[PDB]
>>> print(open('model_9.pdb').read())   # PDB, N, CA and C atoms
MODEL        1
ATOM      1  N   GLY A   1       0.800  -1.210   0.000
ATOM      2  CA  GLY A   1       0.000   0.000   0.000
ATOM      3  C   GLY A   1       0.835   1.263   0.000
ATOM      4  N   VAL A   2       0.721   2.045  -1.068
ATOM      5  CA  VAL A   2       1.456   3.294  -1.221
ATOM      6  C   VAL A   2       0.462   4.439  -1.106
ATOM      7  N   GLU A   3       0.726   5.353  -0.176
ATOM      8  CA  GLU A   3      -0.159   6.473   0.124
ATOM      9  C   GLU A   3       0.635   7.760  -0.058
ATOM     10  N   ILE A   4       0.291   8.530  -1.082
ATOM     11  CA  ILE A   4       1.032   9.729  -1.449
ATOM     12  C   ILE A   4       0.347  10.941  -0.839
ATOM     13  N   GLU A   5       1.098  11.715  -0.062
ATOM     14  CA  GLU A   5       0.632  12.987   0.486
ATOM     15  C   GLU A   5       1.578  14.063  -0.032
ATOM     16  N   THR A   6       1.130  14.792  -1.046
ATOM     17  CA  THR A   6       2.004  15.650  -1.831
ATOM     18  C   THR A   6       2.028  17.058  -1.253
ATOM     19  N   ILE A   7       3.220  17.532  -0.908
ATOM     20  CA  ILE A   7       3.468  18.966  -0.832
ATOM     21  C   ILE A   7       3.589  19.451  -2.269
ATOM     22  N   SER A   8       2.750  20.436  -2.631
ATOM     23  CA  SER A   8       2.335  20.654  -4.020
ATOM     24  C   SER A   8       3.444  20.870  -5.054
ATOM     25  N   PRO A   9       4.360  21.854  -4.919
ATOM     26  CA  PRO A   9       4.930  22.486  -6.120
ATOM     27  C   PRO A   9       5.861  21.592  -6.926
ATOM     28  N   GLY A  10       5.791  21.766  -8.242
ATOM     29  CA  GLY A  10       6.529  20.963  -9.191
ATOM     30  C   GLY A  10       6.056  21.267 -10.596
ATOM     31  N   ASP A  11       5.870  20.238 -11.421
ATOM     32  CA  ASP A  11       5.259  20.446 -12.727
ATOM     33  C   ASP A  11       4.109  19.477 -12.958
ATOM     34  N   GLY A  12       4.192  18.297 -12.346
ATOM     35  CA  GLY A  12       3.166  17.290 -12.482
ATOM     36  C   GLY A  12       3.216  16.482 -13.756
ATOM     37  N   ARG A  13       4.252  16.648 -14.580
ATOM     38  CA  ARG A  13       4.332  15.953 -15.853
ATOM     39  C   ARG A  13       5.606  15.148 -16.050
ATOM     40  N   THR A  14       6.701  15.491 -15.372
ATOM     41  CA  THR A  14       7.980  14.819 -15.593
ATOM     42  C   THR A  14       7.949  13.510 -14.812
ATOM     43  N   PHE A  15       7.357  12.525 -15.420
ATOM     44  CA  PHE A  15       7.181  11.303 -14.651
ATOM     45  C   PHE A  15       8.392  10.392 -14.813
ATOM     46  N   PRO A  16       8.775   9.701 -13.742
ATOM     47  CA  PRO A  16       9.909   8.777 -13.833
ATOM     48  C   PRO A  16       9.557   7.549 -14.656
ATOM     49  N   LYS A  17      10.445   7.207 -15.583
ATOM     50  CA  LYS A  17      10.228   6.105 -16.503
ATOM     51  C   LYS A  17      11.407   5.146 -16.429
ATOM     52  N   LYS A  18      11.360   4.119 -17.270
ATOM     53  CA  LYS A  18      12.479   3.202 -17.390
ATOM     54  C   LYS A  18      13.604   3.851 -18.188
ATOM     55  N   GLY A  19      14.831   3.434 -17.894
ATOM     56  CA  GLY A  19      15.976   4.038 -18.539
ATOM     57  C   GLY A  19      16.294   5.434 -18.063
ATOM     58  N   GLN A  20      15.774   5.830 -16.905
ATOM     59  CA  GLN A  20      16.011   7.148 -16.341
ATOM     60  C   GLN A  20      16.735   7.009 -15.011
ATOM     61  N   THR A  21      17.685   7.908 -14.769
ATOM     62  CA  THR A  21      18.438   7.958 -13.523
ATOM     63  C   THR A  21      17.993   9.177 -12.733
ATOM     64  N   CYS A  22      17.609   8.963 -11.478
ATOM     65  CA  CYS A  22      16.953   9.992 -10.691
ATOM     66  C   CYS A  22      17.687  10.259  -9.384
ATOM     67  N   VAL A  23      17.540  11.491  -8.898
ATOM     68  CA  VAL A  23      18.279  12.017  -7.755
ATOM     69  C   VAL A  23      17.266  12.486  -6.717
ATOM     70  N   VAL A  24      17.361  11.944  -5.501
ATOM     71  CA  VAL A  24      16.333  12.101  -4.475
ATOM     72  C   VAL A  24      16.980  12.534  -3.164
ATOM     73  N   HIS A  25      16.465  13.614  -2.574
ATOM     74  CA  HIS A  25      16.769  13.973  -1.189
ATOM     75  C   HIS A  25      15.786  13.242  -0.288
ATOM     76  N   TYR A  26      16.156  12.045   0.149
ATOM     77  CA  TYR A  26      15.263  11.292   1.013
ATOM     78  C   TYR A  26      15.560  11.586   2.477
ATOM     79  N   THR A  27      14.578  11.288   3.321
ATOM     80  CA  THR A  27      14.742  11.386   4.768
ATOM     81  C   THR A  27      13.838  10.337   5.397
ATOM     82  N   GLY A  28      14.440   9.331   6.023
ATOM     83  CA  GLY A  28      13.661   8.277   6.633
ATOM     84  C   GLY A  28      13.174   8.647   8.020
ATOM     85  N   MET A  29      11.998   8.131   8.361
ATOM     86  CA  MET A  29      11.404   8.381   9.664
ATOM     87  C   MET A  29      10.686   7.128  10.135
ATOM     88  N   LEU A  30      10.871   6.793  11.405
ATOM     89  CA  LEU A  30      10.117   5.722  12.032
ATOM     90  C   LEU A  30       8.811   6.274  12.583
ATOM     91  N   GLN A  31       7.704   5.606  12.261
ATOM     92  CA  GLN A  31       6.437   5.902  12.914
ATOM     93  C   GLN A  31       6.527   5.555  14.390
ATOM     94  N   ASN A  32       6.099   6.503  15.236
ATOM     95  CA  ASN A  32       6.283   6.465  16.692
ATOM     96  C   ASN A  32       7.754   6.266  17.041
ATOM     97  N   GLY A  33       8.616   6.957  16.306
ATOM     98  CA  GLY A  33      10.042   6.798  16.475
ATOM     99  C   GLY A  33      10.771   7.981  15.884
ATOM    100  N   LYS A  34      12.089   7.918  15.986
ATOM    101  CA  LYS A  34      12.961   8.997  15.559
ATOM    102  C   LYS A  34      13.421   8.766  14.120
ATOM    103  N   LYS A  35      14.394   9.559  13.682
ATOM    104  CA  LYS A  35      15.023   9.351  12.391
ATOM    105  C   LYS A  35      15.876   8.091  12.400
ATOM    106  N   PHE A  36      16.186   7.611  11.201
ATOM    107  CA  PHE A  36      17.198   6.573  11.052
ATOM    108  C   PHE A  36      18.148   6.796   9.890
ATOM    109  N   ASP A  37      17.839   7.683   8.949
ATOM    110  CA  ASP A  37      18.711   7.907   7.809
ATOM    111  C   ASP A  37      18.407   9.286   7.248
ATOM    112  N   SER A  38      19.417   9.890   6.627
ATOM    113  CA  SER A  38      19.263  11.225   6.056
ATOM    114  C   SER A  38      20.259  11.408   4.929
ATOM    115  N   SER A  39      19.749  11.588   3.711
ATOM    116  CA  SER A  39      20.594  12.026   2.609
ATOM    117  C   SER A  39      21.047  13.465   2.784
ATOM    118  N   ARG A  40      20.282  14.263   3.532
ATOM    119  CA  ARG A  40      20.622  15.663   3.743
ATOM    120  C   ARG A  40      21.877  15.813   4.583
ATOM    121  N   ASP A  41      22.124  14.871   5.496
ATOM    122  CA  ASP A  41      23.306  14.959   6.342
ATOM    123  C   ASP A  41      24.571  14.667   5.547
ATOM    124  N   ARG A  42      24.539  13.626   4.717
ATOM    125  CA  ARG A  42      25.704  13.299   3.910
ATOM    126  C   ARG A  42      25.883  14.257   2.746
ATOM    127  N   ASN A  43      24.797  14.911   2.314
ATOM    128  CA  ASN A  43      24.764  15.835   1.173
ATOM    129  C   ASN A  43      25.241  15.177  -0.120
ATOM    130  N   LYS A  44      25.027  13.870  -0.236
ATOM    131  CA  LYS A  44      25.258  13.119  -1.463
ATOM    132  C   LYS A  44      23.912  12.552  -1.880
ATOM    133  N   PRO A  45      23.178  13.210  -2.773
ATOM    134  CA  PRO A  45      21.731  12.967  -2.843
ATOM    135  C   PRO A  45      21.296  11.746  -3.644
ATOM    136  N   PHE A  46      22.005  10.620  -3.491
ATOM    137  CA  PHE A  46      21.517   9.260  -3.748
ATOM    138  C   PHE A  46      21.047   9.073  -5.196
ATOM    139  N   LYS A  47      22.016   9.126  -6.106
ATOM    140  CA  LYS A  47      21.736   8.873  -7.514
ATOM    141  C   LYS A  47      21.376   7.406  -7.732
ATOM    142  N   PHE A  48      20.240   7.159  -8.384
ATOM    143  CA  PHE A  48      19.832   5.799  -8.709
ATOM    144  C   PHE A  48      18.888   5.832  -9.902
ATOM    145  N   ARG A  49      18.672   4.661 -10.486
ATOM    146  CA  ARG A  49      17.861   4.490 -11.680
ATOM    147  C   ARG A  49      16.616   3.676 -11.354
ATOM    148  N   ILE A  50      15.843   3.376 -12.391
ATOM    149  CA  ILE A  50      14.554   2.715 -12.253
ATOM    150  C   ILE A  50      14.637   1.340 -12.896
ATOM    151  N   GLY A  51      14.211   0.320 -12.159
ATOM    152  CA  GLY A  51      14.038  -1.006 -12.709
ATOM    153  C   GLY A  51      15.134  -2.005 -12.413
ATOM    154  N   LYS A  52      15.882  -1.831 -11.326
ATOM    155  CA  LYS A  52      16.972  -2.736 -10.993
ATOM    156  C   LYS A  52      16.806  -3.411  -9.642
ATOM    157  N   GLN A  53      15.695  -3.147  -8.937
ATOM    158  CA  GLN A  53      15.412  -3.652  -7.586
ATOM    159  C   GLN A  53      16.523  -3.296  -6.598
ATOM    160  N   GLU A  54      17.115  -2.117  -6.780
ATOM    161  CA  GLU A  54      18.126  -1.645  -5.846
ATOM    162  C   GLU A  54      17.478  -1.131  -4.572
ATOM    163  N   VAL A  55      16.480  -0.265  -4.714
ATOM    164  CA  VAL A  55      15.735   0.261  -3.581
ATOM    165  C   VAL A  55      14.672  -0.749  -3.181
ATOM    166  N   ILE A  56      14.048  -0.528  -2.027
ATOM    167  CA  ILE A  56      12.963  -1.368  -1.537
ATOM    168  C   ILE A  56      11.699  -1.146  -2.361
ATOM    169  N   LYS A  57      10.704  -2.018  -2.168
ATOM    170  CA  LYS A  57       9.518  -2.018  -3.021
ATOM    171  C   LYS A  57       8.620  -0.819  -2.749
ATOM    172  N   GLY A  58       8.411  -0.482  -1.473
ATOM    173  CA  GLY A  58       7.537   0.629  -1.136
ATOM    174  C   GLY A  58       8.076   1.974  -1.573
ATOM    175  N   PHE A  59       9.397   2.132  -1.568
ATOM    176  CA  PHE A  59      10.011   3.332  -2.113
ATOM    177  C   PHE A  59      10.008   3.338  -3.634
ATOM    178  N   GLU A  60       9.977   2.162  -4.260
ATOM    179  CA  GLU A  60      10.066   2.096  -5.714
ATOM    180  C   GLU A  60       8.764   2.535  -6.373
ATOM    181  N   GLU A  61       7.622   2.154  -5.795
ATOM    182  CA  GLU A  61       6.343   2.536  -6.381
ATOM    183  C   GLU A  61       6.031   4.007  -6.149
ATOM    184  N   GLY A  62       6.466   4.563  -5.018
ATOM    185  CA  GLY A  62       6.238   5.973  -4.752
ATOM    186  C   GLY A  62       7.086   6.904  -5.591
ATOM    187  N   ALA A  63       8.148   6.385  -6.212
ATOM    188  CA  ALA A  63       9.023   7.222  -7.026
ATOM    189  C   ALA A  63       8.331   7.655  -8.311
ATOM    190  N   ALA A  64       7.753   6.700  -9.045
ATOM    191  CA  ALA A  64       7.094   7.005 -10.310
ATOM    192  C   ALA A  64       5.789   7.765 -10.120
ATOM    193  N   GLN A  65       5.228   7.754  -8.913
ATOM    194  CA  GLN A  65       4.007   8.480  -8.598
ATOM    195  C   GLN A  65       4.274   9.926  -8.194
ATOM    196  N   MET A  66       5.442  10.456  -8.531
ATOM    197  CA  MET A  66       5.804  11.847  -8.315
ATOM    198  C   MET A  66       6.220  12.468  -9.643
ATOM    199  N   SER A  67       6.724  13.695  -9.572
ATOM    200  CA  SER A  67       7.252  14.375 -10.743
ATOM    201  C   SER A  67       8.425  15.245 -10.305
ATOM    202  N   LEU A  68       8.923  16.056 -11.234
ATOM    203  CA  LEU A  68      10.068  16.917 -10.964
ATOM    204  C   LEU A  68       9.699  18.030  -9.995
ATOM    205  N   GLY A  69      10.501  18.176  -8.941
ATOM    206  CA  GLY A  69      10.311  19.225  -7.968
ATOM    207  C   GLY A  69       9.295  18.937  -6.890
ATOM    208  N   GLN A  70       8.502  17.877  -7.027
ATOM    209  CA  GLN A  70       7.442  17.597  -6.073
ATOM    210  C   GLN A  70       8.013  17.066  -4.762
ATOM    211  N   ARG A  71       7.140  16.992  -3.761
ATOM    212  CA  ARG A  71       7.547  16.598  -2.415
ATOM    213  C   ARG A  71       6.403  15.785  -1.820
ATOM    214  N   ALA A  72       6.517  14.468  -1.891
ATOM    215  CA  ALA A  72       5.458  13.596  -1.413
ATOM    216  C   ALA A  72       5.711  13.222   0.044
ATOM    217  N   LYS A  73       4.960  12.243   0.538
ATOM    218  CA  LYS A  73       5.142  11.733   1.891
ATOM    219  C   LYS A  73       4.763  10.261   1.870
ATOM    220  N   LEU A  74       5.750   9.389   2.034
ATOM    221  CA  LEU A  74       5.501   7.968   1.881
ATOM    222  C   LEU A  74       4.981   7.350   3.171
ATOM    223  N   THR A  75       4.279   6.229   3.005
ATOM    224  CA  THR A  75       3.810   5.416   4.126
ATOM    225  C   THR A  75       3.849   3.969   3.645
ATOM    226  N   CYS A  76       4.871   3.234   4.067
ATOM    227  CA  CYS A  76       5.130   1.901   3.545
ATOM    228  C   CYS A  76       4.654   0.831   4.516
ATOM    229  N   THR A  77       4.094  -0.235   3.957
ATOM    230  CA  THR A  77       3.675  -1.386   4.729
ATOM    231  C   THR A  77       4.906  -2.173   5.184
ATOM    232  N   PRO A  78       4.770  -3.031   6.208
ATOM    233  CA  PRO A  78       5.931  -3.845   6.613
ATOM    234  C   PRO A  78       6.399  -4.835   5.560
ATOM    235  N   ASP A  79       5.483  -5.408   4.779
ATOM    236  CA  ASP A  79       5.861  -6.491   3.879
ATOM    237  C   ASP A  79       6.653  -6.019   2.666
ATOM    238  N   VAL A  80       6.641  -4.721   2.365
ATOM    239  CA  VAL A  80       7.348  -4.246   1.186
ATOM    240  C   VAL A  80       8.772  -3.797   1.483
ATOM    241  N   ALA A  81       9.124  -3.559   2.750
ATOM    242  CA  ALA A  81      10.475  -3.100   3.061
ATOM    243  C   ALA A  81      11.261  -4.086   3.915
ATOM    244  N   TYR A  82      10.870  -4.321   5.169
ATOM    245  CA  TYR A  82      11.679  -5.172   6.037
ATOM    246  C   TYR A  82      10.888  -5.998   7.040
ATOM    247  N   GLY A  83       9.552  -5.953   7.036
ATOM    248  CA  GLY A  83       8.786  -6.301   8.226
ATOM    249  C   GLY A  83       8.837  -7.764   8.616
ATOM    250  N   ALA A  84       9.090  -8.647   7.653
ATOM    251  CA  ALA A  84       9.247 -10.055   7.990
ATOM    252  C   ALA A  84      10.580 -10.306   8.682
ATOM    253  N   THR A  85      11.636  -9.628   8.238
ATOM    254  CA  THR A  85      12.977  -9.846   8.763
ATOM    255  C   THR A  85      13.434  -8.734   9.697
ATOM    256  N   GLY A  86      13.374  -7.487   9.247
ATOM    257  CA  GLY A  86      13.933  -6.398  10.019
ATOM    258  C   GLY A  86      15.402  -6.223   9.704
ATOM    259  N   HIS A  87      15.793  -5.022   9.302
ATOM    260  CA  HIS A  87      17.182  -4.778   8.943
ATOM    261  C   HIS A  87      18.028  -4.754  10.210
ATOM    262  N   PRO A  88      19.141  -5.511  10.259
ATOM    263  CA  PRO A  88      19.792  -5.836  11.541
ATOM    264  C   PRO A  88      20.376  -4.651  12.293
ATOM    265  N   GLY A  89      19.807  -4.367  13.464
ATOM    266  CA  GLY A  89      20.216  -3.249  14.280
ATOM    267  C   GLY A  89      19.607  -1.916  13.907
ATOM    268  N   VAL A  90      19.057  -1.785  12.705
ATOM    269  CA  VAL A  90      18.545  -0.519  12.211
ATOM    270  C   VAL A  90      17.024  -0.526  12.125
ATOM    271  N   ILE A  91      16.438  -1.627  11.672
ATOM    272  CA  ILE A  91      14.995  -1.750  11.532
ATOM    273  C   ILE A  91      14.535  -2.957  12.341
ATOM    274  N   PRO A  92      13.631  -2.792  13.297
ATOM    275  CA  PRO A  92      13.062  -3.946  13.984
ATOM    276  C   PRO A  92      12.099  -4.678  13.070
ATOM    277  N   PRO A  93      11.821  -5.955  13.334
ATOM    278  CA  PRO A  93      10.832  -6.674  12.523
ATOM    279  C   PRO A  93       9.430  -6.124  12.729
ATOM    280  N   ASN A  94       8.634  -6.206  11.656
ATOM    281  CA  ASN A  94       7.254  -5.711  11.585
ATOM    282  C   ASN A  94       7.189  -4.215  11.903
ATOM    283  N   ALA A  95       7.807  -3.421  11.032
ATOM    284  CA  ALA A  95       7.909  -1.982  11.219
ATOM    285  C   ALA A  95       7.209  -1.242  10.086
ATOM    286  N   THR A  96       6.801  -0.006  10.365
ATOM    287  CA  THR A  96       6.121   0.841   9.394
ATOM    288  C   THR A  96       6.945   2.100   9.163
ATOM    289  N   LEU A  97       7.267   2.372   7.903
ATOM    290  CA  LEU A  97       8.251   3.385   7.553
ATOM    291  C   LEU A  97       7.594   4.654   7.027
ATOM    292  N   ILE A  98       8.233   5.788   7.317
ATOM    293  CA  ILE A  98       7.814   7.104   6.852
ATOM    294  C   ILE A  98       8.995   7.744   6.134
ATOM    295  N   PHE A  99       8.738   8.354   4.975
ATOM    296  CA  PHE A  99       9.794   8.979   4.191
ATOM    297  C   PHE A  99       9.392  10.365   3.715
ATOM    298  N   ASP A 100      10.344  11.292   3.784
ATOM    299  CA  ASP A 100      10.228  12.599   3.152
ATOM    300  C   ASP A 100      11.048  12.548   1.870
ATOM    301  N   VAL A 101      10.365  12.604   0.731
ATOM    302  CA  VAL A 101      10.970  12.354  -0.570
ATOM    303  C   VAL A 101      10.728  13.564  -1.459
ATOM    304  N   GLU A 102      11.809  14.140  -1.979
ATOM    305  CA  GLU A 102      11.740  15.161  -3.014
ATOM    306  C   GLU A 102      12.535  14.686  -4.218
ATOM    307  N   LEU A 103      11.942  14.808  -5.400
ATOM    308  CA  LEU A 103      12.559  14.358  -6.644
ATOM    309  C   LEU A 103      13.148  15.567  -7.362
ATOM    310  N   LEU A 104      14.459  15.744  -7.232
ATOM    311  CA  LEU A 104      15.208  16.765  -7.963
ATOM    312  C   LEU A 104      16.215  16.026  -8.830
ATOM    313  N   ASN A 105      15.768  15.587  -9.997
ATOM    314  CA  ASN A 105      16.502  14.616 -10.788
ATOM    315  C   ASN A 105      16.981  15.208 -12.109
ATOM    316  N   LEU A 106      17.550  14.343 -12.946
ATOM    317  CA  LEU A 106      17.915  14.691 -14.310
ATOM    318  C   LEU A 106      17.280  13.692 -15.266
ATOM    319  N   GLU A 107      17.692  13.738 -16.535
ATOM    320  CA  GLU A 107      17.238  12.847 -17.614
ATOM    321  C   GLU A 107      15.722  12.872 -17.809
TER     322      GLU A 107
ENDMDL
END
>>> encode(input="model_9.pdb", output="C-alpha cells")
Amino acid sequence: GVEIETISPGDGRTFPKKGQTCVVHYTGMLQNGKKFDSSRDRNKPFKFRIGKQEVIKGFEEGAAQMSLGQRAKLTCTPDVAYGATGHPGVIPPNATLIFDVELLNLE
C-alpha cells in the first residue's frame, strides 16, 4: 500500500520512466520513532535508476508516482520493506516506515 501525500509544487508531468536515472533527497522516519537515515546529512543525494530492484519495493512505487520538484510523503507497509525480517540493528521486525521524498533529478 502506497499512500502519497504531496506537498504541491513541481510540474506534475515529468514522470519517472524506465531508462532514467533519478536524484532524491530522502529522509527516513520511524512511525512512533525517531530518524534513522538522512541524505541531507551526507549531502550526497543518492543517484539511482529505475528497474533494478536496488531500492525497496515501497520506495520504488512511490518514485514514479511523483514528478520533478514535487515533495510527497511515503507510508510503507511492513511487507514491502523489512517487516518479515527487520534490517539488523537498524529496523526492527514488523515496522512501518515514513519517508520525506523530493525528486530533484535529471534525464
>>> closest_residue(input="model_9.pdb", among="A:101, A:4, A:106, A:95", to="residue 20 (chain A)", atoms="all atoms listed in the file")
A:106
>>> select_by_dssp(input="model_9.pdb", residues="chain A", states="strand (DSSP E)", output="PyMOL selection string")
chain A and resi 21-30+35-38+47-49+71-76+97-103
>>> resolve_selection(input="model_9.pdb", expression="the PyMOL selection byres (((chain A and resi 50-53 and name CA) around 9) and name CA)", output="list in words")
residues 16, 17, 18, 19, 20, 21, 22, 48, 49, 54, 55, 56, 57, 60, 63 and 64 of chain A
>>> atom_distance(input="model_9.pdb", atom1="atom N of residue 104 (chain A)", atom2="CA of residue 23 (chain A)")
5.4 Å
>>> closest_residue(input="model_9.pdb", among="A:78, A:1, A:14, A:36", to="residue 90 (chain A)", atoms="only N, CA and C atoms")
A:36
>>> closest_residue(input="model_9.pdb", among="A:76, A:30, A:68, A:24", to="residue 12 (chain A)", atoms="only C-alpha atoms")
A:68
>>> closest_residue(input="model_9.pdb", among="A:93, A:105, A:13, A:83", to="residue 66 (chain A)", atoms="all atoms listed in the file")
A:13
>>> select_by_dssp(input="model_9.pdb", residues="chain A", states="helix (DSSP H, G or I)", output="PyMOL selection string")
chain A and resi 39-42+57-64+78-81
>>> residues_around(input="model_9.pdb", residues="residue 74 (chain A)", least_positions_apart="5", cutoff="9 Å", atoms="only C-alpha atoms", output="mmCIF file with N, CA and C atoms, in the coordinates of the input")
data_model
loop_
_atom_site.group_PDB
_atom_site.id
_atom_site.type_symbol
_atom_site.label_atom_id
_atom_site.label_comp_id
_atom_site.auth_asym_id
_atom_site.auth_seq_id
_atom_site.Cartn_x
_atom_site.Cartn_y
_atom_site.Cartn_z
ATOM 1 N N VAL A 2 0.721 2.045 -1.068
ATOM 2 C CA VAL A 2 1.456 3.294 -1.221
ATOM 3 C C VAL A 2 0.462 4.439 -1.106
ATOM 4 N N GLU A 3 0.726 5.353 -0.176
ATOM 5 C CA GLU A 3 -0.159 6.473 0.124
ATOM 6 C C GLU A 3 0.635 7.760 -0.058
ATOM 7 N N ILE A 4 0.291 8.530 -1.082
ATOM 8 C CA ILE A 4 1.032 9.729 -1.449
ATOM 9 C C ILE A 4 0.347 10.941 -0.839
ATOM 10 N N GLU A 5 1.098 11.715 -0.062
ATOM 11 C CA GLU A 5 0.632 12.987 0.486
ATOM 12 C C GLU A 5 1.578 14.063 -0.032
ATOM 13 N N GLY A 58 8.411 -0.482 -1.473
ATOM 14 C CA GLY A 58 7.537 0.629 -1.136
ATOM 15 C C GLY A 58 8.076 1.974 -1.573
ATOM 16 N N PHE A 59 9.397 2.132 -1.568
ATOM 17 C CA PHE A 59 10.011 3.332 -2.113
ATOM 18 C C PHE A 59 10.008 3.338 -3.634
ATOM 19 N N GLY A 62 6.466 4.563 -5.018
ATOM 20 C CA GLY A 62 6.238 5.973 -4.752
ATOM 21 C C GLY A 62 7.086 6.904 -5.591
ATOM 22 N N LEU A 97 7.267 2.372 7.903
ATOM 23 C CA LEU A 97 8.251 3.385 7.553
ATOM 24 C C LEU A 97 7.594 4.654 7.027
ATOM 25 N N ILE A 98 8.233 5.788 7.317
ATOM 26 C CA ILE A 98 7.814 7.104 6.852
ATOM 27 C C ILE A 98 8.995 7.744 6.134
ATOM 28 N N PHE A 99 8.738 8.354 4.975
ATOM 29 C CA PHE A 99 9.794 8.979 4.191
ATOM 30 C C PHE A 99 9.392 10.365 3.715
ATOM 31 N N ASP A 100 10.344 11.292 3.784
ATOM 32 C CA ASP A 100 10.228 12.599 3.152
ATOM 33 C C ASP A 100 11.048 12.548 1.870
ATOM 34 N N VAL A 101 10.365 12.604 0.731
ATOM 35 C CA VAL A 101 10.970 12.354 -0.570
ATOM 36 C C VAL A 101 10.728 13.564 -1.459
#
>>> axis_aligned_box(input="model_9.pdb", around="region 52-62 of chain A", padding_each_side="3 Å", output="lines of an AutoDock Vina configuration file")
center_x = 12.1
center_y = 1.6
center_z = -6.2
size_x = 18.1
size_y = 16.6
size_z = 16.2
>>> residues_near_point(input="model_9.pdb", point="(18.8, 3.7, 9.6)", cutoff="8 Å", atoms="all atoms listed in the file", output="VMD selection string")
chain A and resid 28 35 to 38 89 to 91
>>> atom_distance(input="model_9.pdb", atom1="atom C of residue 70 (chain A)", atom2="CA of residue 8 (chain A)")
6.8 Å
>>> atom_distance(input="model_9.pdb", atom1="CA of residue 71 (chain A)", atom2="CA of residue 46 (chain A)")
15.8 Å
>>> closest_residue(input="model_9.pdb", among="A:47, A:26, A:11, A:102", to="residue 72 (chain A)", atoms="only C-alpha atoms")
A:102
